[PDB]
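Engineer:
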Amino acid sequence: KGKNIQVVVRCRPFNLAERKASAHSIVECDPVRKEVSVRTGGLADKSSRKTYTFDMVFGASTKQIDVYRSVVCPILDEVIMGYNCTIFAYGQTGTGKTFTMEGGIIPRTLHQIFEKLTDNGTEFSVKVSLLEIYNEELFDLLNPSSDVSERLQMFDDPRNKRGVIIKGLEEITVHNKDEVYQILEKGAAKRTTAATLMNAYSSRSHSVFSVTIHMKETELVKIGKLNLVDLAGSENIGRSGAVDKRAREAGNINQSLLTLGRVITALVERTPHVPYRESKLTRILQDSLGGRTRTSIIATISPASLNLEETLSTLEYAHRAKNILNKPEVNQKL
Amino acid sequence: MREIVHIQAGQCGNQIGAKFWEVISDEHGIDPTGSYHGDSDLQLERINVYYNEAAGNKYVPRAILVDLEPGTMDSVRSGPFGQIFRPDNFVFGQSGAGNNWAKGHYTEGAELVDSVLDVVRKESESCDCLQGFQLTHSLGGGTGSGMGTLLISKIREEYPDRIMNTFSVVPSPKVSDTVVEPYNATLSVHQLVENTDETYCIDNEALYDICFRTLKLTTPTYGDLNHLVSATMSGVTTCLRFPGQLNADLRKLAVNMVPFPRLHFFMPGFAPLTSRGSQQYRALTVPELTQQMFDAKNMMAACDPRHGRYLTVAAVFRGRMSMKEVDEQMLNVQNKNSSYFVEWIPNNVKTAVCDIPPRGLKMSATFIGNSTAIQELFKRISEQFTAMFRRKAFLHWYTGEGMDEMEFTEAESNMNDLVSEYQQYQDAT
Amino acid sequence: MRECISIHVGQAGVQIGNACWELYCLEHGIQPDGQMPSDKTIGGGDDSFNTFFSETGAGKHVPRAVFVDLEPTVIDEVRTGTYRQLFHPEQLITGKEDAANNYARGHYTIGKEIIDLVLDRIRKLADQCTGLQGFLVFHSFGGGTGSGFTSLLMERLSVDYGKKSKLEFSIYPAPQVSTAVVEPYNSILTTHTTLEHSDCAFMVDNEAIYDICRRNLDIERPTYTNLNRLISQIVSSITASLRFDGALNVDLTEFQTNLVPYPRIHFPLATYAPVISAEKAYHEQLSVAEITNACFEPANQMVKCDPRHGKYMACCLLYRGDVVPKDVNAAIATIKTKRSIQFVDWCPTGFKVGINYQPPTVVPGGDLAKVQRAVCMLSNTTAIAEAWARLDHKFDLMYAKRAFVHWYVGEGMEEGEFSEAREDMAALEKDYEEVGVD
Ligand SMILES: Nc1nc2c(ncn2[C@@H]2O[C@H](COP(=O)(O)CP(=O)(O)OP(=O)(O)O)[C@@H](O)[C@H]2O)c(=O)[nH]1
Ligand SMILES: Nc1nc2c(ncn2[C@@H]2O[C@H](COP(=O)(O)CP(=O)(O)OP(=O)(O)O)[C@@H](O)[C@H]2O)c(=O)[nH]1
Ligand SMILES: O=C1CCc2cc(-c3ccc(C(F)(F)F)cc3)ccc2N1
Ligand SMILES: [Mg+2]
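Chains as they are written, first to last, in the authors' numbering: chain K, 15 to 117, 134 to 248, 254 to 369; chain B, 1 to 429; chain A, 1 to 438.
Below is the structure:
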C-alpha cells in the first residue's frame with residue numbers, strides 16, 4: 015500500500031564549474047512535460063535522446079523554494095500526523111546537493143515545523159539528530175555532546191522487522207524553535223565531510239538528519260518523524276588522481292553505490308532477498324524501502340554531457356525507484 | 001615477500017595451525033637450524049621471503065603461538081622445530097578462551113593486544129606488505145572461537161587494506177562434545193563471518209569420516225587430519241608464492257571467486273581427493289584429479305554437490321598440465337551438470353598451474369565452491385542452539401561472558417538471513 | 001636500418017615477445033649473449049638487425065624491446081634466462097604488483113607508477129634509435145595486466161607519438177572458454193576504448209588457433225611455447241619482408257593502408273599460410289596455389305571463421321622462399337576463378353601481394369618443418385566481427401548479472417563505460433556489417 019515512492023528530478027543550472035568545464039547542457043527539462051531528456055547520442059551523436067517522464071520535474075530554472083514547497087510542505091503534514099517520512103537527495107554536487115543544502135533547506139525547516147505545529151496548537155516536543163555515515167561507520171554530528179561518532183549500533187525492534195533501533199543517539203527535545211537552531215548550527219559543523227579536488231566541497235559521508243516530533247492533543256498521542264538524507268557521492272578515483280586514501284574512500288562509497296544499484300535492482304525484482312544489511316544505510320533505511328515510511332527522492336542531474344555515467348546511472352535509478360512499492364502509512368497514533 | 005602471518009590458536013588449532021606451520025616448514029625443507037637445507041633456490045627464496053632470516057640464515061616462521069593454556073604451546077615447542085621458531089616470536093595467553101567464545105573473548109583480548117601488537121609490529125616491519133593473515137583455530141571449540149572473535153575484529157581492523165582469510169574447524173553437526181561447545185563457536189563465527197573477508201571451514205565430522213573412511217584406519221588421527229588440512233593450505237600458499245606457468249594472484253582469484261565482493265566467503269575444497277588407500281596407491285591421471293574433485297567425496301566438508309551449488313569452482317593444478325588436459329578438464333565440468341555449472345557465467349572454474357609440481361604427486365588441485373547443504377546444515381545447528389535457547393541453559397555463564405542475548409538472536413538472525421541465500425546458491429546453477 | 005621495439009604486456013605479452021626475440025637472435029645467428037660469435041648482423045645493422053637489436057658497445061647487439069609486467073613473476077624468469085644476459089637490465093623491467101586481472105584496477109593502480117619509468121625507458125631507446133617503422137604490442141586481453149596496462153599505454157602512446165604506427169597482437173579469449181569471469185569484463189572494457197586509439201587491433205583465437213595448430217600438430221596439445229612459436233615465426237616473416245626486400249617488398253604499413261580501406265576497419269584479419277604444422281610442413285611442398293588454397297581453408301585460418309561468410313574486400317599475400325610471379329598469377333587465376341573466395345564488389349582487385357626472397361622465417365626449435373613459401377593475407381569479414389560479438393554476449397550476460405560491479409566500482413569504472421563498450425561493439429558490428437556488405 016502507501017503512496018508510491020515519490021521521485022522528482024532536478025536539473026541544475028549549468029554549474030559555474032560546469033562552465034569552467036565548458037560542459038554543455040545535453041539535458042533538457044520540460045517542466046510542463048515533467049519530461050527530462052538526455053542527449054545520449056546512443057552510439058550516435060547525442061542527436062539521440064533518452065526521455066523520461068517524472069513525478070515532478072524541475073529544470074535548472076526551478077527555484078529552490080518552490081521545490082521545497084512542493085515536496086516538503088506535504089511531508090510536514092504527514093510528520094504531524096505521525097507519519098514517518100524520508101527525503102533523500104541524490105545526484106551531482108553541482109546539481110545541488112550543496113545548492114539545496116546551502117540554501134534552507136535545514137535552517138528553514140525547523141522554523142516552519144514549529145510554526146505549523148504551534149498554530150496546530152498541539153502540545154509538542156521536537157528532538158533532532160544528525161549523523162554521518164563515513165566509510166561504513168557512524169559518527170554523531172548532532173551532539174557534539176555526543177561523540178564524533180555517536181555510540182552507534184543498530185538492532186531490530188521486534189515491532190517492525192525492518193523497524194530498527196539505533197541505540198545511544200540522543201535527540202534533545204526543545205519546544206522552542208530557537209533551541210533547535212543552536213543545535214542546528216552546532217550540528218552542521220560536525221556534519222561537514224571532506225572537500226574534494228573537483229568540488230570545493232563534497233560529501234564524503236552520507237548525512238542523515240532526523241527530527242522527531244511528539245504530539246499530544248485532547254487524548255490522542257502521535258509521533259511524527261522526518262529523515263532528511265543527503266547522499267554522499269564519489270568521483271572516479273582515477274579521474275580524481277586523488278591520494279590513494281582518498282581514492283580508496285571514494286572507491287568504497289562508489290562501490291557501495293553499486294551495492295545500492297544492486298539492492299534497488301532487487302527491490303524492482305521483488306526478489307526474495309533485499310540486501311538491506313549489506314549497508315548500514317540500507318538497514319537503517321530498511322523499513323522505509325517501499326516501507327511504511329512515506330518516502331520521496333530528489334535526484335539531481337547535470338546537463339553536462341561530460342558525465343555520461345552519472346546521467347545514465349541517475350536515469351536507471353529513477354526507473355528502479357518507482358518499481359519498489361512505497362507504502363507510506365500515516366503513522367497516526369492516538 | 002608479501003608474507004602472511006600464520007596463527008595457531010584455539011587448542012584445536014593449537015594443534016592444527018601448528019601442524020600447518022610445521023608441515024609448511026617441512027615444505028620449506030629448511031633444516032631445523034632454520035637455515036635452508038633444501039638445495040632448491042626456488043623454494044629457498046619463496047620460503048625465505050616467508051621466513052625472516054635469522055643470522056645463520058635461520059627461517060623465522062610467521063606464526064604466533066596461542067595457548068588455551070600455556071602447556072599447549074609448551075607441547076608445541078617441545079614438539080619438533082621448536083627451535084626454528086624463536087621463542088621471542090610467539091607469546092600466548094595462559095588463560096586462553098577457556099573454550100568460551102565470549103568468555104575467552106573478553107578475557108583473551110587484554111592478553112591478545114599485547115601479543116598481537118608486538119608480533120604484528122614485527123611482521124608489519126617484516127614485509128613491505130603482507131598479502132593477508134591466516135588464522136588457525138577451532139571455532140567450534142571454545143577458544144578458537146573465543147580468541148578469534150576478539151582478535152579478528154581488531155586484527156582485521158588494523159588493516160582494512162589487508163585481506164585476511166580465517167581457518168577454523170566447524171563443529172561436526174553430527175555430534176558435539178557438548179551442545180554448549182558449538183554455542184561458543186556459533187556466536188564467534190557469526191560475528192566472525194562479517195568481520196573476516198574470507199573464512200575457510202571444513203566440518204569436523206565429514207573430514208573425520210572421509211579421512212577415516214579413506215584411511216580405513218581405525219580412526220583419523222587429529223594430527224594426521226590436521227596434516228591433511230595443512231597440506232591443503234600449503235599447496236595454495238606454495239603454488240601462489242611459487243612461480244606457475246599459470247599463476248593467479250590471490251587478489252584476482254579472490255575477487256573473482258565472489259561474483260562480486262558481496263559474497264562473503266567460499267568454502268574450501270581440496271584435491272586430489274582420494275581415499276587413503278586409493279590416493280596413496282593410485283596415481284592421478286590428468287582427468288583423474290578433476291573427477292575426484294567433482295564428486296561429493298572430494299569436498300572436505302560433507303555436502304551433496306547437487307545440494308550445494310558452486311558459485312565458482314577453482315582448482316589450482318600444480319605442475320604443468322597439457323593444454324588438452326586443460327581442455328578435457330574444463331569441458332567435463334560444463335558437460336557434467338547444467339546446474340552444477342553456473343548458468344550465468346561460463347568458465348565458472350578458473351585454474352592455475354603451479355609452475356612446479358608439488359612435492360610428491362606431480363599434479364595437485366584445489367577445490368573451490370560452496371556447499372549449499374553444508375551451510376544450511378550449519379544454520380540448522382544454530383536452530384539447535386535456538387532449541388537450546390528454549391532450555392536457556394547457561395544463560396548465566398553467557399551473562400558472565402557478558403554477551404547480550406540480542407547478539408545471540410541477531411547472530412542467528414543474520415545467519416538466518418544469509419542462509420536462505422545459501423539455498424539460493426544451490427537454486428542458481 | 002630502422003629499429004623496432006616490442007612491448008610485452010601481461011605474462012602473455014612477455015612470453016610471446018620472448019619467443020619473438022629469441023627467434024630473432026637465432027635467425028640472425030646472433031648469440032643469445034647478444035654478441036654473436038657470428039659476424040655482426042646482416043649488412044651490419046640490417047633493418048632487421050637494428051629493429052631486433054642495435055650494435056653498440058660496440059660489438060654488442062642489444063635487442064630493442066621493452067618487457068613490462070605488473071607481476072614480478074614472468075619478468076624474473078627473463079632475468080634468469082641466458083637471454084637476460086643479452087638484455088641489459090634497462091630493457092627489462094618488472095613490476096612489483098600484479099594486475100590481479102583487473103583491467104581497471106591494474107590499469108589505474110599499476111599503470112601510474114609504471115608508465116613513467118617505461119615511457120622514459122622507451123623514450124631513451126626511442127631517442128637513441130633511428131626510430132621504428134612501427135612497434136609491436138603484446139598483451140593479454142584476459143590478463144588484467146594486458147587489459148589495464150594496454151589501456152593506459154594506448155592513450156599515452158597515441159597522444160605522444162601520434163605519427164608512429166601502432167600494432168597490437170592481442171589474445172582474444174576463445175569462445176570455447178574463458179579462464180576467468182573477469183576476462184570478458186576486462187577484454188571488452190579494455191579493448192573498445194583502446195582500439196579506437198590504436199590503428200588496428202589483433203585478437204587471437206585461442207580455441208581456434210590452439211585447436212587448429214594442435215590438430216595440425218596431430219599432437220595432443222601444443223606447448224604454449226609452441227603455440228607462441230607459431231606466432232613468432234609468422235611475425236618474423238612479417239618483419240623479414242619489410243626488413244629485407246623480397247621478390248616484392250612493400251612498405252608494410254603503407255601497403256596496410258592500402259589494405260585497409262578504412263581506418264574504420266582497424267585491421268583486416270590476417271592469416272598465415274600455408275597453415276603449417278610440423279606435420280603439415282612435412283606433408284607437402286607448398287605450391288603457390290597450394291599455400292593459397294590451404295590458406296583459404298578455415299583450417300589454415302588460425303581464427304575459426306567461415307571465410308565464405310565474410311566477403312573478401314581484398315587480401316594481401318606475403319611470399320617467402322623463392323617465388324615467381326607467374327606462379328603467383330597461376331594462383332591468382334585459381335583464386336580468382338574459384339568462386340569460393342568472394343570478392344567485395346568494392347575492390348575488384350586482389351592486389352597487392354608481396355614476395356620475399358628469403359625463405360620463410362622460422363621460430364627457433366620450430367615445431368613445424370620449413371615451408372618453401374610463407375604467406376599472409378588480410379581479409380575483412382562480418383564474421384570476424386561476429387566472433388567479437390560472440391565473446392561480447394557472455395560479457396553482456398555478465399553485465400546483465402551486474403555482478404562484480406563493485407570491483408570495477410572500486411576502480412571507479414562505470415557500467416556506462418561497459419555499456420559503451422557493448423554499444424560500441426554493436427556499432428562496430430554494424431560498421432563491420434556495413435563495410436562487410438559488398
Ligand atoms: N579436526 C580436529 N578437531 C579437533 C582437534 N582438537 C580438537 N578438535 C575440535 O575442536 C573443538 C575444540 O576446540 P579446541 O581444540 O581449539 C579448544 P580451545 O583452545 O579453542 O578452547 P578451550 O575449550 O578453552 O580449551 C571441538 O569441536 C573438537 O572436536 C584436532 O586435533 N583436530
Ligand atoms: N598467446 C598466449 N596466450 C596465453 C598463453 N598462456 C596463457 N595465455 C592467455 O593469456 C590470458 C591471461 O593473461 P596473462 O597471463 O597475461 C595475465 P596478466 O599478466 O595480464 O594479468 P594477471 O595475471 O591477471 O595479473 C588468458 O586468456 C590465457 O589463455 C600463452 O602462452 N600464449
Ligand atoms: O541496475 C542499476 C544500474 C546502475 C544504477 C546506478 C545508480 C546510481 C549510481 C550513481 C549515482 C550518482 F553518483 F550519480 F549519484 C546515482 C545512482 C542507482 C541504481 C542503479 N541500478
Ligand atoms: Mg583448547
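All residues carry an ideal CB built from backbone N, CA and C; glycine is no exception.
Assuming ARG79/A and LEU92/A are in contact, meaning their beta carbons sit under 8 angstroms apart, how far apart are those beta carbons, in whole angstroms?
Structural biologist: 7 angstroms
Engineer: Using a C-beta to C-beta distance shorter than 8 angstroms, which residues of chain A count as neighbours of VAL255/B?
Structural biologist: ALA100, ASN102, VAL182, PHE404, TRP407
Engineer: Give the straight-line distance between the Cα atoms of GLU113/A and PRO346/B, rounded to the nearest whole angstrom.
Structural biologist: 34 angstroms
Engineer: Any beta carbon from chain B within less than 7 angstroms of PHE169/K's own beta carbon?
Structural biologist: no
Engineer: Buried or exposed, going by whether 16 or more other CB atoms sit within 10 Å of the CB of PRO287/B?
Structural biologist: exposed
Engineer: At 3 residues or longer, what runs of the beta strand (DSSP E) sit wholly inside the segment 283–348 of chain B?
Structural biologist: 314–318
Engineer: Taking only the alpha-carbon atoms, compute the straight-line gap between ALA314/A and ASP76/A and give it to the nearest angstrom.
Structural biologist: 43 angstroms
Engineer: Against chain A, with Cβ distances strictly below 7 angstroms, would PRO261/B count as a contact?
Structural biologist: yes
Engineer: With distances taken from CA atoms, which of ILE122/A, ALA270/A, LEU252/A is nearest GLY131/A?
Structural biologist: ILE122/A
Engineer: Any beta carbon of chain K sitting closer than 7 angstroms to that of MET403/B?
Structural biologist: no
Engineer: Looking at the unbroken beta strand (DSSP E) that takes in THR274/B, where does it start and where does it end?
Structural biologist: Secondary structure note for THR274/B: it is in no beta strand (DSSP E), with a DSSP letter that is neither H nor E.
Engineer: When burial is assigned at 16 or more other CB atoms within 10 Å of the CB, is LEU269/A buried or exposed?
Structural biologist: Taking all protein chains in view, the Cβ of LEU269/A is crowded by 16 or more other Cβ atoms within 10 Å, so the residue is classified as buried.
Engineer: Do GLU168/A and residue 463/A count as a contact pair if the criterion is CB distance below 7 angstroms?
Structural biologist: With chain A running from 1 to 438 in the structure shown, residue 463/A is simply not present.
Engineer: Which residues in chain K sit within 8 angstroms of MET406/B, going by Cβ to Cβ distance?
Structural biologist: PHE185
Engineer: Have a look at residue 491/A and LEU252/A and give me their C-alpha separation to the nearest angstrom.
Structural biologist: Chain A is shown from 1 up to 438; residue 491/A falls before or after that span and cannot be answered.
Engineer: With 9 angstroms as the C-beta to C-beta threshold (strictly closer), list the residues of the segment 158–177 of chain B near chain A in chain order.
Structural biologist: none
Engineer: Near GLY326/K, what residues of its chain come up, given a Cβ to Cβ distance below 7 angstroms and the 5 sequence neighbours on each side ignored?
Structural biologist: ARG192, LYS362
Engineer: Are there 16 or more other CB atoms within 10 angstroms of the CB of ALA278/A, so buried, or fewer, so exposed?
Structural biologist: Answer is buried; the Cβ neighbour count reaches 16.
Engineer: Residues around ligand 4, please: the ones whose beta-carbon is closer than 6 angstroms to some heavy atom of it, in chain order.
Structural biologist: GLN11/B, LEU68/B, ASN99/B, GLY141/B, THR143/B
Engineer: To the nearest angstrom, report how far apart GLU383/B and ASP424/A are at their CA atoms.
Structural biologist: 52 angstroms
Engineer: Identify every residue that forms a DSSP beta bridge with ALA270/A.
Structural biologist: In the DSSP output, where bridge partners are listed per residue, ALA270/A has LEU378/A.
Engineer: Flag this pair as touching only if the segment 8–24 of chain B and the segment 222–229 of chain B have three or more C-beta atom pairs under 8 angstroms; answer yes or no.
Structural biologist: yes
Engineer: From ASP88/B to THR194/A, what distance separates their C-alpha atoms?
Structural biologist: 54 angstroms
Engineer: What residue ranges within the segment 86–161 of chain A form continuous alpha helix (DSSP H) runs of no fewer than 4 residues, ordered along the chain?
Structural biologist: 111–128, 144–161
Engineer: Where does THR56/A fall in DSSP's three states?
Structural biologist: strand
Engineer: Which residues, in chain order, does the segment 317–330 of chain B contribute to contact with chain A at a C-beta distance below 8 angstroms?
Structural biologist: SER322, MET323, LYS324, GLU325, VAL326, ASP327, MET330
Engineer: Residues of the segment 332–354 of chain K in Cβ contact with chain B at a cutoff of 7 angstroms, in chain order, please.
Structural biologist: Within the segment 332–354 of chain K, no residue qualifies.
Engineer: Return yes when at least one heavy atom of ligand 2 lies under 6 angstroms from the C-beta of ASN101/A, else no.
Structural biologist: yes
Engineer: Indicate, with yes or no, if ligand 3 has a heavy atom lying under 6 angstroms from the CB of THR300/K.
Structural biologist: yes
Engineer: Starting from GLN424/B, find everything on chain K with Cβ-Cβ shorter than 8 angstroms and list it in chain order.
Structural biologist: The contacting residues are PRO307, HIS308.
Engineer: Under 6 angstroms: does the beta carbon of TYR224/A sit that close to some heavy atom of ligand 2?
Structural biologist: yes
Engineer: Of the residues that make up the segment 51–82 of chain A, which ones have a beta carbon closer than 8 angstroms to any beta carbon in chain B?
Structural biologist: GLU71, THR73, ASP76, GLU77
Engineer: Does the beta-carbon of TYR200/B, which I'm using as the reference point, lie nearer than 6 angstroms to any heavy atom of ligand 3?
Structural biologist: Checking every heavy atom of ligand 3 against the Cβ of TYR200/B, none is found closer than 6 angstroms.
Engineer: Grouping DSSP H, G and I as helix and E and B as strand, with all else coil, what is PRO70/B?
Structural biologist: helix
Engineer: Taking only beta-carbon positions, decide if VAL177/A is within less than 7 angstroms of chain B.
Structural biologist: yes
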